[PDB]
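Colleague: PDB entry and its sequence, pasted below:
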Protein chains: 2
Amino acid sequence: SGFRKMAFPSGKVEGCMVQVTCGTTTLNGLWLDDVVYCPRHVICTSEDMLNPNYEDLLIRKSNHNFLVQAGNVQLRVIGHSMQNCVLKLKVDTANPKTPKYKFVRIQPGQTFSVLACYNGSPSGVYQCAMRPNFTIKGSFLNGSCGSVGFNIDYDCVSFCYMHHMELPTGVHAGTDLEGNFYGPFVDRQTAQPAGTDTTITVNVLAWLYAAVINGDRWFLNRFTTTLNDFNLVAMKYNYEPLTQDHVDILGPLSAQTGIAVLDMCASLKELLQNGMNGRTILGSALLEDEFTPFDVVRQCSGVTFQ
Amino acid sequence: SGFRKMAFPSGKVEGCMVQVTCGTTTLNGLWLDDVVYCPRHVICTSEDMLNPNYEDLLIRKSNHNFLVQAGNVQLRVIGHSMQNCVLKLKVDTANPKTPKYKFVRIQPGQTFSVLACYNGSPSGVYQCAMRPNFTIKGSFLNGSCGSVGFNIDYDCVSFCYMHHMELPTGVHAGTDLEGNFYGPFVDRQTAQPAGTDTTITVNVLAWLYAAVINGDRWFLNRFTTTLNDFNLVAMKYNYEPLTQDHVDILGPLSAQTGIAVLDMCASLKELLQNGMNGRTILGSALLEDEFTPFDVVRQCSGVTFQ
Ligand SMILES: *C(=N)[C@H](C[C@@H]1CCNC1=O)NC(=O)[C@@H]1[C@@H]2[C@H](CN1C(=O)[C@@H](NC(=O)C(F)(F)F)C(C)(C)C)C2(C)C
Ligand SMILES: *C(=N)[C@H](C[C@@H]1CCNC1=O)NC(=O)[C@@H]1[C@@H]2[C@H](CN1C(=O)[C@@H](NC(=O)C(F)(F)F)C(C)(C)C)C2(C)C
């Protein structure tokens, strides 16, 4: 029993982190086989970053201008190219620690683990969700760019995020591993608008199932509701609509606990309308929306990775 | 910016996990050089665990009765001994992935990362604190025993916890790596009393400093207090006494923010007496006590590990 915010084991990703330096700018890169992936603004000076022309800046670089260090071993760069907002540096050595891997683009509401790194070295690991406004609530300092987000499936690391930038409100933005930003953002140091965020309903429901599995059952009421009626009530509270796809994904938790999804929705509706009346669920005084249904199953059923 | 519950990178520990089976009981072991460390109740049947005589049970085992698997490679056992509540299995192969390491016994209030494992394979990583009553609030299922807790210092893994047991309230107990329990517990399936828990004051103060560093400053009041006056008020709220040692450990955060420790204590006193009036600090509606002063510094200053 017990329920914690849990990250994936980070070792497979640790074996892929390197330091990339161009001029006096240093950040992290991801070394897979004979390619290093990193944010393209490694080629910028501080002044360039206010309004960069990355294509022009890259024209004036050659391979040897990129200092790639894996520990205290320099990796010789033998080619380079830009793909959207990421640079790809071909090196003459394949990473022997390369795991089985995929590049994926995740959906708003899905979670991932972040291995926060500085100078090519890991600092720590934490769990994040892609918010509905395509930001993440991370923890990142100067030099963290190129840190990656990922999920694991048995032996396969699915990389989904590379870190690029922070909005002065402490929220974070980045790209998939093809260099395409999540959200309407660009890698330039200028003010940019983000959509208002919303609560990830299907995840709140998953966490209420986690609560029941752990014996925290006080909020279960005797009612049911329709999907339509639930979505009208939840819209007022800035919850995202719950779809039939979401109901279907909640099926395994519903079957395990014997609580119908629409019955759990009726309990959530009461919590939204009435509050929690000074009580906690799984130790929290607020409803938590950064556990997916799979997160709950993998933690409560002890799924392992190879 | 941003502040998350952050675990240490787990890769160095992942390389040490193995599966140990004796009879039909299987749990996790920790393989360092040519020794595997695991909970001694691997030698128990389910019935033995109600009232085990471990010395008698071990008498009747020989080396070959222990099946140790590192991946799909069986490690030949060539000696065994019991040290308090842990078994030590000598194997004929040294773990080539053994990190620099130490065995330490941590103090109540200190935190560590847990790599939760099943069948010798990692499931996930999360951060825990040793509670003042010597329990931890973990997330552990059947088969998790032998999972370890640890801290890292540059390249050195300090192992501080091995998991043994769950009290039916969802809290957890275990040993240091010399097999000595934290707290007044024994590895037998019978009801046992734990002390009432208390709030780790020095950690709450560390987290309030983390909040200020992140721009969450609403709770700062204009007052100071004495250490004596703070401790009288906090005792009522089941907070542990704040010592001069604690004040000294908070020095780096105090100097960084320019807020005297006793001034932060005056702000905490107001929060304890008045509540948070529907507001949050770092997104939490409750005061958080499972970040140490070092946790705050290592996250907010980007300390890395080798
Ligand atoms: C990569 N190493 C850093 C990570 C930042 C630094 C502080 N916390 C983080 O997550 N990325 C940057 O410094 C990027 C980079 C130029 C400026 N930048 C920012 O993150 C800035 N934010 C923005 O410009 C905004 F608001 F639009 F997101 C900064 C004000 C420095 C936090 C480029 C090329 C975008
Ligand atoms: C190790 N693999 C498990 C981990 C447990 C299992 C469920 N969650 C956990 O953390 N350890 C055990 O099963 C130990 C073991 C016998 C019984 N046990 C318990 O954890 C039991 N708890 C107690 O006996 C109590 F309450 F005293 F802590 C159980 C009721 C099965 C949760 C031995 C040898 C103590």
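Modeller: Sure, I can see it. Numbering: from 1, shown residues only, chains lettered A, B, ... in the order given. Ligands and ions are numbered 1, 2, ... in the order given.

Colleague: Partner strands of the lengthiest strand in chain A, with direction?
Modeller: Criterion DSSP state E: the longest strand present in chain A is strand A:156-167. Sheet pairing of strand A:156-167 (DSSP bridges) gives strand A:100-103 (parallel), strand A:148-153 (antiparallel), strand A:171-175 (antiparallel).

Colleague: Quick one: closest of those to residue B:180.
Modeller: strand A:148-153 (34.1 Å; Cβ to Cβ). (Each C-beta comes from the backbone N, C-alpha and C, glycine too.)

Colleague: And ligand 1, is the closest one touching that?
Modeller: No: applying Cβ under 6 Å from any ligand atom, one finds strand A:148-153 out of contact with ligand 1, separated by at least 12.7 Å.

Colleague: Domain map for chain A?
Modeller: A:15-91, A:99-175, A:201-300 (automatic domain parsing).

Colleague: can you redo those as JSON lines with mean neighbour count?
Modeller: Compiled in JSON lines, the domains of chain A are given as follows (neighbours: other Cβ atoms under 10 Å in any protein chain shown):
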{"stretch": "domain A:15-91", "mean neighbour count": "18"}
{"stretch": "domain A:99-175", "mean neighbour count": "21"}
{"stretch": "domain A:201-300", "mean neighbour count": "17"}
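
Colleague: okay if I get these as CSV plus distance to ligand 2?
Modeller: CSV is the format used below for the domains of chain A (distance: least, Cβ to the nearest ligand atom, whole Å):
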stretch, distance to ligand 2
domain A:15-91, 29
domain A:99-175, 21
domain A:201-300, 11
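
Colleague: got a markdown table for the strands paired with strand A:156-167, with distance to residue B:37 too?
Modeller: Listed next are these as a markdown table, based on distance: least, Cβ to Cβ, whole Å:
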| stretch | distance to residue B:37 |
| --- | --- |
| strand A:100-103 | 30 |
| strand A:148-153 | 26 |
| strand A:171-175 | 39 |
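
Colleague: quick one: contacts for the most far-flung residue of chain A relative to its centre?
Modeller: No residue in chain A sits farther from the centre than residue A:222, which is 36.1 Å out by Cα atoms, centre = their mean. Contacts for residue A:222 (Cβ atoms under 8 Å, 6 or more residues apart in numbering or on different chains) come out as none.

Colleague: is it fair to say it lies in a strand?
Modeller: No: Residue A:222 is assigned coil when assessed by DSSP: H, G, I helix; E, B strand; the rest coil, not a strand.

Colleague: Distance-wise, check the closest residue to residue A:290 other than its chain neighbours relative to residue B:22.
Modeller: Computed as Cβ to Cβ, 6 or more residues apart in numbering or on different chains, the closest residue to residue A:290 that is not its neighbour in sequence is residue A:129, at 4.1 Å. According to Cβ to Cβ, to the nearest Å, residue A:129 stands 41 Å off from residue B:22.

Colleague: And residue A:211, by the same measure?
Modeller: Look at residue A:211 and residue B:22: by Cβ to Cβ, they are 36 Å apart.

Colleague: Just the strands from chain A, written as ranges.
Modeller: A:17-22, A:25-32, A:35-39, A:66-70, A:73-75, A:77-83, A:86-91, A:100-103, A:111-118, A:121-129, A:148-153, A:156-167, A:171-175.

Colleague: Would you pull up how far the fifth one lies from the middle of the chain?
Modeller: Translated: strand A:73-75. A distance of 29 Å separates the centroid of the chain from that of strand A:73-75, by Cα atoms, centre = their mean, to the nearest Å.

Colleague: Contacts for that strand next, please.
Modeller: A:18, A:31, A:36, A:67, A:68, A:69, A:91, A:92, A:93.

Colleague: now the closest residue to the fifth one other than its chain neighbours: how far from residue A:19?
Modeller: With Cβ to Cβ, 6+ apart as the measure, residue A:75 is the residue that lies nearest to residue A:68, at 4.2 Å, once sequence neighbours are left out. In this structure, residue A:75 and residue A:19 are separated by 10 Å, where distance is defined by Cβ to Cβ.
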